[PDB]
Structure formats: C-alpha cells, structure tokens
C-alpha cells in the first residue's frame, strides 16, 4: 500500500457508513464530529466545498483524537498538499486525474478516488490502487452497474457514494465488492445550522444499526 501511514483498506473497513459533510460554520465542526463519534461513526469526510472546510478538518484533527478525519472533493495536488498539512488522515476525490494520482502516491495519506467507468478504475489501478469511491453511484446505474463494473476485478473494493439513502444503502452493503458507502443524511444542513447534535448522534447510530442482517 505505498508510502502511506495508514492503508486505504483500513479507512474503508472501519465502518459501513462514511458521512459526506458540508460544514458551513467553523464552530460547528468539532461538536459535529463528537456527535458523530458518540453515535458510533468514526470516519469523517469533510468536503472541500466550503470556504472553511480546511479550518474544520484542521480543528477536527486537533480536538477529536478519536475520529478518523479526511477530506473530500479533493481535486488536485495543491488541495491534497493543503489538506494533508491541515491534518487530514485520508482523501477522497469525486473522480481521478494522472496528476492527482501521481501526487497522492507520493504523499503521506491514502486517497480513495471516485470512478465511473472501468477505464477509470484501470487508470487508478495502474498506480497501485485497489480501493475506490464509486460515484455518483445511483446516477452511474447503481447496484447492477457496479456489479458489471466489478465483474473483471475481483480484488478491487468500493465505497459507493452519490444518491445513497436509508432506502437503498443495504442493496449496496450486500455486494462482495462494497466495504462501505458514503451518504449526506447523517449530517443535514439544517441540523448543523441549528447545532442539534442530539439529532446527529442518533441519525448516525441508526445508520450503523440499520446496516446489519
């Protein structure tokens, strides 16, 4: 698994759900995280979609020692550099690029990049990768699609994201090739907006519970 401090495998096998977080106000990051954790969810993915995602990754790293925090929507080696220094323990990207793969392979934290087509998977596999966001899952054809896609690649394992809700997420967790999924429902904007971490903790717990049979 390269020059990486922890392996992409380990991030993706920590639990069934990785929350896809858009944090608008800096002061919410830390408690949000703890609520998440308190509710049994440890792999936090802060999307670089807000003005101060990095500040939030940075504080979650510093203050929530028990949470594995990483960065999503990482698009280029600069953003990768930036988030690695903020203290990101892994990165996720929506799709892959020769640079971003080159750079990630060179840096100190695992990157689980998004794919849609087999050509895409193959390119990332060329750089030694074996773990992938599959995104946008639903839109990409969902379950049936990913099974076709994983037909020729028995070694590779995914984490689907994009349109995954309580309603379909078990259909995904059911597949051989899926370790976990990413969704946005554990952190709704309006709960963040309103600091009601009571509610975040529970949406999380229910997500982790609802993930068995």
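Numbering follows the first chain given and starts at 1.
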{"item": "Residue 106 - Cα temperature factor, lowest/middle/highest third of chain", "value": "middle"}
{"item": "Residue 153 - which third its CA temperature factor falls in, relative to the rest of the chain", "value": "highest"}
{"item": "Relative C-alpha B-factor of residue 65, binned into the chain's lowest, middle or highest third", "value": "highest"}
{"item": "Assigned third (lowest, middle, highest) for the C-alpha B factor of residue 126", "value": "middle"}
{"item": "Third of the chain, ranked by Cα B-factor, where residue 184 sits", "value": "highest"}
